[PDB]
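Student: Before I ask anything, here is the structure I am working with.
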Amino acid sequence: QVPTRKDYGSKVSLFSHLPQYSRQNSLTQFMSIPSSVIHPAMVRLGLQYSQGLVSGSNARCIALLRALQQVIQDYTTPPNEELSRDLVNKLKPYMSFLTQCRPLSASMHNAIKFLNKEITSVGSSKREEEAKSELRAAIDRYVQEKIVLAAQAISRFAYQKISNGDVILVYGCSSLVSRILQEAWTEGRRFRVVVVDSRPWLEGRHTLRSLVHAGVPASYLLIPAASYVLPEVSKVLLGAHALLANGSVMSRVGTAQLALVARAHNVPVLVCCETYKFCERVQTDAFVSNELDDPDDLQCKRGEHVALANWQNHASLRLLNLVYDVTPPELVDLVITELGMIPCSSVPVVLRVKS
Amino acid sequence: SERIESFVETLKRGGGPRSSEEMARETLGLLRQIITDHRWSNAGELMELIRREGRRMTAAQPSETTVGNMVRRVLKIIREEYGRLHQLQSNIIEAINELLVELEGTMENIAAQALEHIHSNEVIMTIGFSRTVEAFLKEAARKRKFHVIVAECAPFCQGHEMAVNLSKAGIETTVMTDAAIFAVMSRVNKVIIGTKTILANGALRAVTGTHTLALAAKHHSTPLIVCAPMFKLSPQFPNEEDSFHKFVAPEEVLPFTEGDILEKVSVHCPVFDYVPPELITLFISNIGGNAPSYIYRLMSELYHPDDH
Amino acid sequence: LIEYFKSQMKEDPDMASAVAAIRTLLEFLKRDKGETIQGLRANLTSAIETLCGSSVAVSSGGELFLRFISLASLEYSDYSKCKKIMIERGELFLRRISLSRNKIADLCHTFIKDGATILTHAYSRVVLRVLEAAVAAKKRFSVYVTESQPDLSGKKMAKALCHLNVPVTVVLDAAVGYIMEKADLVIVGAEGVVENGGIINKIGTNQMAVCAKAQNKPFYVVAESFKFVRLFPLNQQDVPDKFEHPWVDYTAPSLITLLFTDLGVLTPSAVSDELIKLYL
């Protein structure tokens, strides 16, 4: 089943590989409502993504691990199956369903592949409850190991540079760049953070109102004119969520329009990422791996509502709203990983180890 | 028998089998045969024979780096083979057979990873014919219509043939002379070049216009891939000078006609050039997609410190 | 022990200042009580007590042999642990460190360009070892040097190099610009190397090397297997307390070309693999 489709509007020439999506609600013309065998649970989260109700580049991993923990804690192991290939085949189209709903990952699958490993590694003769509870138990130990008990440890390195006097600059929302810049006011060392935020889905406000309740002072500037913080910066702790083996740093669409707009003023640029969120692909530019999203959000109600909606009725005016970008590792300094402060060019050297 | 001597003459006179793992299939052939039935002592007298026949083979035209490359890799399989051995002919010939079968599929798997790079309506650009770049670009004909700009350089030019073999099966090529690679390359993206051999430090030794081309890439900031398979990672960082090339007869650049001017004038003809690792911005390879600055350890993944 | 180490380096026209400290902590590690774990911490205090004096390499050897001795906690024993096997293992680690420079020269020798004009801004030991072997088997080359103002120590290389019998000129340290139009293959040795492949040496190095990658000539560096620290700076004025009174400067690894080590020839982005292969 699983129709999908529903593409809206005319993509802007150039890239047609990527598929634009609109809020048509997927099944709001499609799905069934007794159980609808597509998803016992994952239809909940799958509905929850598309509206924009999780969306943080971390904790999607937490979400998918939670729902997969329940559905893995619902399986039945039929009378003619080994339950390894059976379940391992059974999880396929459901993950394809969430893949249909949103571009599936910003390194989220590393989790999915890990699940496929742990499912494939299952012993051939045990109790269903034994292997089941063992499986979800390991599925917990993972999120405790590489998601919970590492972000705490990747703050202890960050204090070593964040000392008194500096004027740091984070960008938009972040998952780690709030923890390891807010467990540094506690333990003293006063500074003055300045945050900068991008024109749609602003996302900078989540920082600027999650930080004033710590007490470290602030300032605010939109990314369009971040050429005044740069003559007074002393770092930029621009953290992001996918490291690609060619030393590329897949950020939000804004970053690395700041980085290579910083190193023409001689202020450093320090990235902060985790240890599972680095992936074994390689990409050279932005136009092979972006993810467009609903080009109707761009509507500035700034007086007479100059036609934004009216564009559909206009001839030739494709609006495009990209989601990712790329940072090439000649404009990137140290990466503060959870195994030391490794150099950018050794982005592959973390891969072979622990493999 | 001593048919290898014919082979030792075969590389001597020239007449290339077009690098298509034919030098590799041959070097695997002769190494398989000398490996098969020869003198036998336990303590690497086979390996000493590999050193002797090796250095005799490397006494050919010092440009066919694939010959010595697969020679050295045969030696590393010998060293690891003895390493586990601490009936060896069975294991050695079997593993060499496995390396042969692995070598048997380079141009496909190195061409699968093509949809993930070239996008719609994207003016790609190369220079000089190469088998891997043409096969690689032919598997991106199940995507949109881009352009291809091919340079007609390096005379004697083996380049056009490719402009035929592409344009009658694919995208709208145009063919430019070599001396117009800087009015173009202001209107391009995503340069590709095939590689004659790639060095330890990260260097590309290629056709005689690769430099002057890569300089334009790191002048306008467009990324250049050098799609090159395995078995062409050469050790010996660029120390030996001027044996790095092939100087051919200057008949190819000046005709024997126009007499007397050819008394006092000096003609030069280089076949290869030198691309340093400060300008390459990705390697597409047979197993991964590794960056320039990592290439070092990949070489240590294959060989052993008998790199001489 | 201070008089012991100073005694060890007093009667030494070669050997590392660092190697002298290494043998000093070797013997003063041998003749001490407390064959136990926490007794090593006393040596750690001695590691501070040796570190009294400058010269970053001393701390590098401190953590180096601190880790070499410290690895004997694995393969566990009691009161006769295999750090005593690292007395001769170590002794042969000390002769391993002693025979280091010869391999660096035998690898390095080939890059001299037979009509080259090698520039150097120092007074280095191993530079003179490799360059001495370079004339002692091969072609000819000029050498230009400048003198480091708070030592004038370049003139020591002028003298000893004149005993090596090759044509030397030496201009002052302000006009390196005027030098580099007539020069190729800039070679310098280095005190320490940080974890991203950057060098720290005397207090003029960046003033050249910034000018090295403007006139497109290369820039090599060369050091033994004892300059690898876990330290990681990111800017000038962020060096530690190791300095009209600065003594050492920093050169970013976007400028250092292929460097040489006792592990072999090396690229400036593979040092991290070595140290991360060691430290964890």
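How things are named: the first chain in the structure tokens is A, the next is B, and so on; residues count from 1 in each chain; ligands count from 1 in the order shown.
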Taking the chain letters and numbering used in this document, name the residues of region 137-198 of chain B that DSSP puts in helix (DSSP H, G or I), as a list in words.

Tutor: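 Filtering region 137-198 of chain B to helix (DSSP H, G or I) leaves residues 137, 138, 160, 161, 162, 163, 164, 165, 166 and 167 of chain B.
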
Student: Can I get the selection written as a JSON list (two decimals), in the first residue's frame, with C-alpha atoms?

Tutor:
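Written out: selection04.json:
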[["chain", "number", "residue", "atom", "x", "y", "z"],
["B", 137, "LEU", "CA", 30.00, 8.82, -16.81],
["B", 138, "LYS", "CA", 27.92, 6.34, -18.80],
["B", 160, "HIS", "CA", 38.62, 12.82, -29.25],
["B", 161, "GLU", "CA", 37.82, 9.17, -29.54],
["B", 162, "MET", "CA", 36.08, 9.72, -26.20],
["B", 163, "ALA", "CA", 34.09, 12.65, -27.59],
["B", 164, "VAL", "CA", 32.74, 10.24, -30.16],
["B", 165, "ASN", "CA", 32.14, 7.36, -27.75],
["B", 166, "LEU", "CA", 30.17, 9.67, -25.47],
["B", 167, "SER", "CA", 28.24, 11.96, -27.81]]

Student: May I have a table of the residues of chain A lying at most 9 Å from chain C, giving each one's closest pair of atoms and their distance in Å to one decimal, counting only C-alpha atoms, ordered by chain and ascending residue number, as CSV?

Tutor:
residue,atom,partner,partner_atom,distance
A:268,CA,C:234,CA,7.6
A:330,CA,C:254,CA,8.4
A:333,CA,C:234,CA,7.9
A:334,CA,C:234,CA,8.0
A:339,CA,C:280,CA,8.8
A:340,CA,C:276,CA,8.9
A:341,CA,C:232,CA,7.9
A:342,CA,C:272,CA,7.4
A:343,CA,C:196,CA,5.6
A:344,CA,C:196,CA,8.7
A:345,CA,C:269,CA,6.5
A:346,CA,C:272,CA,6.8
A:349,CA,C:273,CA,6.5
A:353,CA,C:277,CA,9.0

Student: Quick one: write out the picked residues with N, CA, C and O atoms as a PDB file, in the first residue's frame?

Tutor:
ATOM      1  N   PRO A 268      38.623  32.307  15.123  1.00  0.00           N
ATOM      2  CA  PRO A 268      38.603  30.866  14.840  1.00  0.00           C
ATOM      3  C   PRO A 268      37.199  30.286  14.683  1.00  0.00           C
ATOM      4  O   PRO A 268      36.209  31.000  14.862  1.00  0.00           O
ATOM      5  N   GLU A 330      38.829  23.172   5.059  1.00  0.00           N
ATOM      6  CA  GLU A 330      39.923  24.121   5.053  1.00  0.00           C
ATOM      7  C   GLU A 330      39.509  25.373   5.832  1.00  0.00           C
ATOM      8  O   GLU A 330      40.355  26.189   6.206  1.00  0.00           O
ATOM      9  N   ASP A 333      38.429  24.564  12.028  1.00  0.00           N
ATOM     10  CA  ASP A 333      39.456  24.195  13.018  1.00  0.00           C
ATOM     11  C   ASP A 333      39.055  22.924  13.773  1.00  0.00           C
ATOM     12  O   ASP A 333      38.311  22.120  13.222  1.00  0.00           O
ATOM     13  N   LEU A 334      39.557  22.773  15.003  1.00  0.00           N
ATOM     14  CA  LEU A 334      39.372  21.597  15.859  1.00  0.00           C
ATOM     15  C   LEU A 334      37.929  21.146  15.994  1.00  0.00           C
ATOM     16  O   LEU A 334      37.030  21.978  16.017  1.00  0.00           O
ATOM     17  N   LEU A 339      36.217  11.753  22.103  1.00  0.00           N
ATOM     18  CA  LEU A 339      37.405  10.930  22.282  1.00  0.00           C
ATOM     19  C   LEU A 339      38.659  11.785  22.260  1.00  0.00           C
ATOM     20  O   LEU A 339      39.741  11.300  21.916  1.00  0.00           O
ATOM     21  N   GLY A 340      38.518  13.053  22.645  1.00  0.00           N
ATOM     22  CA  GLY A 340      39.608  14.014  22.585  1.00  0.00           C
ATOM     23  C   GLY A 340      39.230  15.131  21.646  1.00  0.00           C
ATOM     24  O   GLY A 340      38.162  15.111  21.036  1.00  0.00           O
ATOM     25  N   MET A 341      40.116  16.108  21.519  1.00  0.00           N
ATOM     26  CA  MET A 341      39.900  17.201  20.586  1.00  0.00           C
ATOM     27  C   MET A 341      40.718  16.908  19.337  1.00  0.00           C
ATOM     28  O   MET A 341      41.838  17.397  19.188  1.00  0.00           O
ATOM     29  N   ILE A 342      40.152  16.089  18.457  1.00  0.00           N
ATOM     30  CA  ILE A 342      40.865  15.584  17.286  1.00  0.00           C
ATOM     31  C   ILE A 342      40.881  16.633  16.180  1.00  0.00           C
ATOM     32  O   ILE A 342      40.048  17.525  16.161  1.00  0.00           O
ATOM     33  N   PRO A 343      41.843  16.537  15.258  1.00  0.00           N
ATOM     34  CA  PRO A 343      41.900  17.461  14.132  1.00  0.00           C
ATOM     35  C   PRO A 343      40.879  17.088  13.080  1.00  0.00           C
ATOM     36  O   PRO A 343      40.512  15.915  12.995  1.00  0.00           O
ATOM     37  N   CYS A 344      40.452  18.061  12.270  1.00  0.00           N
ATOM     38  CA  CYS A 344      39.374  17.870  11.297  1.00  0.00           C
ATOM     39  C   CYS A 344      39.715  16.833  10.240  1.00  0.00           C
ATOM     40  O   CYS A 344      38.909  15.956   9.929  1.00  0.00           O
ATOM     41  N   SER A 345      40.944  16.912   9.751  1.00  0.00           N
ATOM     42  CA  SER A 345      41.427  16.057   8.686  1.00  0.00           C
ATOM     43  C   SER A 345      41.499  14.586   9.083  1.00  0.00           C
ATOM     44  O   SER A 345      41.499  13.704   8.231  1.00  0.00           O
ATOM     45  N   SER A 346      41.535  14.319  10.380  1.00  0.00           N
ATOM     46  CA  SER A 346      41.490  12.957  10.841  1.00  0.00           C
ATOM     47  C   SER A 346      40.076  12.461  11.069  1.00  0.00           C
ATOM     48  O   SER A 346      39.877  11.553  11.872  1.00  0.00           O
ATOM     49  N   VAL A 349      39.801   8.892  10.909  1.00  0.00           N
ATOM     50  CA  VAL A 349      40.594   8.102  11.841  1.00  0.00           C
ATOM     51  C   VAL A 349      39.772   7.630  13.034  1.00  0.00           C
ATOM     52  O   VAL A 349      40.121   6.664  13.692  1.00  0.00           O
ATOM     53  N   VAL A 353      38.928   2.909  14.174  1.00  0.00           N
ATOM     54  CA  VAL A 353      38.879   2.586  15.589  1.00  0.00           C
ATOM     55  C   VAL A 353      37.421   2.414  15.971  1.00  0.00           C
ATOM     56  O   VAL A 353      36.544   3.059  15.381  1.00  0.00           O
TER      57      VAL A 353
END

Student: Can you check which residues of chain C have any atom within 7 Å of chain B? Use only C-alpha atoms and format it as an mmCIF file with N, CA and C atoms, in the first residue's frame.

Tutor:
data_model
loop_
_atom_site.group_PDB
_atom_site.id
_atom_site.type_symbol
_atom_site.label_atom_id
_atom_site.label_comp_id
_atom_site.auth_asym_id
_atom_site.auth_seq_id
_atom_site.Cartn_x
_atom_site.Cartn_y
_atom_site.Cartn_z
ATOM 1 N N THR C 110 67.614 12.396 0.159
ATOM 2 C CA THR C 110 67.375 12.380 -1.273
ATOM 3 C C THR C 110 66.757 13.674 -1.771
ATOM 4 N N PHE C 111 66.120 14.429 -0.885
ATOM 5 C CA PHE C 111 65.353 15.570 -1.349
ATOM 6 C C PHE C 111 66.175 16.791 -1.678
ATOM 7 N N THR C 267 53.207 12.668 6.258
ATOM 8 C CA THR C 267 52.409 13.806 5.816
ATOM 9 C C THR C 267 51.864 14.547 7.037
ATOM 10 N N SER C 269 49.138 15.423 8.144
ATOM 11 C CA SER C 269 47.830 15.099 8.643
ATOM 12 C C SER C 269 47.728 13.638 9.039
#

Student: Can you work out the spacing between CA of residue 99 (chain C) and CA of residue 223 (chain C) in Å, to one decimal?

Tutor: 13.3 Å

Student: Near residue 136 (chain C), counting only C-alpha atoms, which residues have an atom at most 9 Å away, once you skip same-chain residues fewer than 4 positions from it, shown as a PyMOL selection string?

Tutor: chain C and resi 131-132+164

Student: Which polymer residues have any atom within 9 Å of an atom of region 70-86 of chain C, counting only C-alpha atoms, with same-chain residues fewer than 2 positions away left out, as a ChimeraX atom specification?

Tutor: /C:30,34-37,40,65-68,88-93

Student: For chain B, list the residues within 8 Å of chain A, counting only C-alpha atoms, and write the list as a list in words.

Tutor: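 Using only C-alpha atoms, chain B residues at most 8 Å from chain A: residues 116, 117, 118, 119, 120, 121, 122, 223, 282, 289, 290, 291, 293 and 294 of chain B.
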
Student: Which polymer residues have any atom within 9 Å of an atom of residue 23 (chain A), counting only C-alpha atoms, with same-chain residues fewer than 3 positions away left out, as a ChimeraX atom specification?

Tutor: /A:26,50-51,294

Student: If you keep N, CA, C and O atoms, can you produce a file of those selected residues as a PDB file, in the first residue's frame?

Tutor:
ATOM      1  N   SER A  26      -0.250  12.808   4.433  1.00  0.00           N
ATOM      2  CA  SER A  26       0.050  11.427   4.007  1.00  0.00           C
ATOM      3  C   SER A  26      -1.125  10.459   3.843  1.00  0.00           C
ATOM      4  O   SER A  26      -1.413  10.030   2.733  1.00  0.00           O
ATOM      5  N   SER A  50       5.842  15.283  10.445  1.00  0.00           N
ATOM      6  CA  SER A  50       5.546  16.016   9.225  1.00  0.00           C
ATOM      7  C   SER A  50       5.000  17.409   9.484  1.00  0.00           C
ATOM      8  O   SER A  50       5.221  18.340   8.716  1.00  0.00           O
ATOM      9  N   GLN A  51       4.310  17.555  10.600  1.00  0.00           N
ATOM     10  CA  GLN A  51       3.795  18.848  10.979  1.00  0.00           C
ATOM     11  C   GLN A  51       4.917  19.759  11.464  1.00  0.00           C
ATOM     12  O   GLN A  51       4.814  20.989  11.371  1.00  0.00           O
ATOM     13  N   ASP A 294       8.598  22.375   1.795  1.00  0.00           N
ATOM     14  CA  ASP A 294       7.367  23.186   1.799  1.00  0.00           C
ATOM     15  C   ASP A 294       7.522  24.677   1.524  1.00  0.00           C
ATOM     16  O   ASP A 294       7.344  25.483   2.417  1.00  0.00           O
TER      17      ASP A 294
END

Student: So, with only C-alpha atoms as the atoms that count, which of B:231, B:182, B:303, B:146 lies closest to residue 219 (chain B)?

Tutor: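 Ranked by minimum distance to residue 219 (chain B), first place goes to B:182.
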
Student: For region 152-163 of chain C, work out the shell of residues within 9 Å, counting only C-alpha atoms and skipping chain neighbours fewer than 6 positions away, then give it as a list in words.

Tutor: residues 120, 121, 122, 123, 124, 128, 132, 145, 146, 169 and 170 of chain C

Student: Hey, can you spit out that residue selection with N, CA, C and O atoms as a PDB file, in the first residue's frame?

Tutor:
ATOM      1  N   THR C 120      67.760  27.988   6.223  1.00  0.00           N
ATOM      2  CA  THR C 120      67.530  27.426   7.552  1.00  0.00           C
ATOM      3  C   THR C 120      67.611  28.554   8.566  1.00  0.00           C
ATOM      4  O   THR C 120      68.425  29.449   8.420  1.00  0.00           O
ATOM      5  N   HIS C 121      66.777  28.509   9.597  1.00  0.00           N
ATOM      6  CA  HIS C 121      66.731  29.570  10.592  1.00  0.00           C
ATOM      7  C   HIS C 121      66.809  28.950  11.978  1.00  0.00           C
ATOM      8  O   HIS C 121      65.788  28.809  12.665  1.00  0.00           O
ATOM      9  N   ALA C 122      68.021  28.588  12.394  1.00  0.00           N
ATOM     10  CA  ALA C 122      68.205  27.760  13.594  1.00  0.00           C
ATOM     11  C   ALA C 122      69.651  27.574  14.018  1.00  0.00           C
ATOM     12  O   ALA C 122      70.555  28.240  13.527  1.00  0.00           O
ATOM     13  N   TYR C 123      69.824  26.662  14.971  1.00  0.00           N
ATOM     14  CA  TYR C 123      71.027  25.872  15.124  1.00  0.00           C
ATOM     15  C   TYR C 123      70.564  24.492  15.561  1.00  0.00           C
ATOM     16  O   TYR C 123      70.398  24.219  16.753  1.00  0.00           O
ATOM     17  N   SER C 124      70.325  23.622  14.592  1.00  0.00           N
ATOM     18  CA  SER C 124      69.804  22.306  14.908  1.00  0.00           C
ATOM     19  C   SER C 124      70.849  21.222  14.814  1.00  0.00           C
ATOM     20  O   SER C 124      71.763  21.303  14.001  1.00  0.00           O
ATOM     21  N   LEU C 128      72.070  19.289  10.859  1.00  0.00           N
ATOM     22  CA  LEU C 128      73.473  19.186  10.501  1.00  0.00           C
ATOM     23  C   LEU C 128      73.910  17.750  10.283  1.00  0.00           C
ATOM     24  O   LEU C 128      74.830  17.505   9.504  1.00  0.00           O
ATOM     25  N   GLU C 132      75.097  17.017   6.631  1.00  0.00           N
ATOM     26  CA  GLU C 132      76.467  16.526   6.575  1.00  0.00           C
ATOM     27  C   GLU C 132      76.560  15.232   5.774  1.00  0.00           C
ATOM     28  O   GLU C 132      77.494  15.053   4.993  1.00  0.00           O
ATOM     29  N   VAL C 145      71.460  31.255   6.148  1.00  0.00           N
ATOM     30  CA  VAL C 145      70.994  31.201   7.535  1.00  0.00           C
ATOM     31  C   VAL C 145      70.751  32.642   7.969  1.00  0.00           C
ATOM     32  O   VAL C 145      71.278  33.579   7.368  1.00  0.00           O
ATOM     33  N   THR C 146      69.903  32.826   8.972  1.00  0.00           N
ATOM     34  CA  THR C 146      69.858  34.084   9.722  1.00  0.00           C
ATOM     35  C   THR C 146      70.015  33.777  11.203  1.00  0.00           C
ATOM     36  O   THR C 146      69.717  32.659  11.655  1.00  0.00           O
ATOM     37  N   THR C 169      76.465  31.751   3.236  1.00  0.00           N
ATOM     38  CA  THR C 169      76.305  33.169   3.512  1.00  0.00           C
ATOM     39  C   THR C 169      75.352  33.219   4.701  1.00  0.00           C
ATOM     40  O   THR C 169      74.657  32.243   4.974  1.00  0.00           O
ATOM     41  N   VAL C 170      75.350  34.317   5.447  1.00  0.00           N
ATOM     42  CA  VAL C 170      74.398  34.477   6.526  1.00  0.00           C
ATOM     43  C   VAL C 170      73.996  35.944   6.664  1.00  0.00           C
ATOM     44  O   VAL C 170      74.818  36.796   7.007  1.00  0.00           O
TER      45      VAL C 170
END

Student: What residues in region 225-338 of chain A get the DSSP label strand (DSSP E)? Please answer as a ChimeraX atom specification.

Tutor: /A:242-244,248-250,278-279,335-337

Student: I need the chosen residues saved as a tab-separated table (two decimals), in the first residue's frame, with C-alpha atoms.

Tutor:
chain	number	residue	atom	x	y	z
A	242	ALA	CA	26.71	15.08	10.48
A	243	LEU	CA	30.41	14.67	9.81
A	244	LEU	CA	31.29	13.23	6.42
A	248	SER	CA	32.50	17.96	5.53
A	249	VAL	CA	30.29	19.33	8.29
A	250	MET	CA	26.58	19.07	7.42
A	278	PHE	CA	29.68	10.94	11.85
A	279	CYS	CA	28.92	9.03	8.65
A	335	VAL	CA	36.42	19.26	16.35
A	336	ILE	CA	35.57	18.65	20.01
A	337	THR	CA	34.61	15.01	19.84

Student: Mind running region 262-322 of chain A against region 230-236 of chain A at 8 Å and telling me each contacting residue's nearest atom pair with the distance in Å (one decimal), counting only C-alpha atoms, chain and number ascending, as a tab-separated table?

Tutor:
residue	atom	partner	partner_atom	distance
A:262	CA	A:230	CA	6.5
A:265	CA	A:230	CA	6.9
A:267	CA	A:234	CA	6.0
A:268	CA	A:235	CA	5.5
A:269	CA	A:236	CA	5.2
A:270	CA	A:236	CA	6.0

Student: Write a file of the just-selected residues containing C-alpha atoms, as a PDB file, in the first residue's frame.

Tutor:
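File out_19.pdb, as written:
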ATOM      1  CA  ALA A 262      34.528  34.638   9.702  1.00  0.00           C
ATOM      2  CA  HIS A 265      38.404  38.582  10.063  1.00  0.00           C
ATOM      3  CA  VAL A 267      38.392  34.657  14.507  1.00  0.00           C
ATOM      4  CA  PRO A 268      38.603  30.866  14.840  1.00  0.00           C
ATOM      5  CA  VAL A 269      35.789  28.397  14.181  1.00  0.00           C
ATOM      6  CA  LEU A 270      35.306  25.384  16.419  1.00  0.00           C
TER       7      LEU A 270
END

Student: Check the smallest atom-to-atom distance from each of A:135, A:64, A:149, A:71 to residue 111 (chain A) using only C-alpha atoms, then report the winner.

Tutor: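 Result for the nearest residue to residue 111 (chain A): A:64.
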
Student: Would you mind reading off the distance between CA of residue 166 (chain A) and CA of residue 226 (chain A), one decimal, in Å?

Tutor: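 Going from CA of residue 166 (chain A) over to CA of residue 226 (chain A) covers 17.7 Å.
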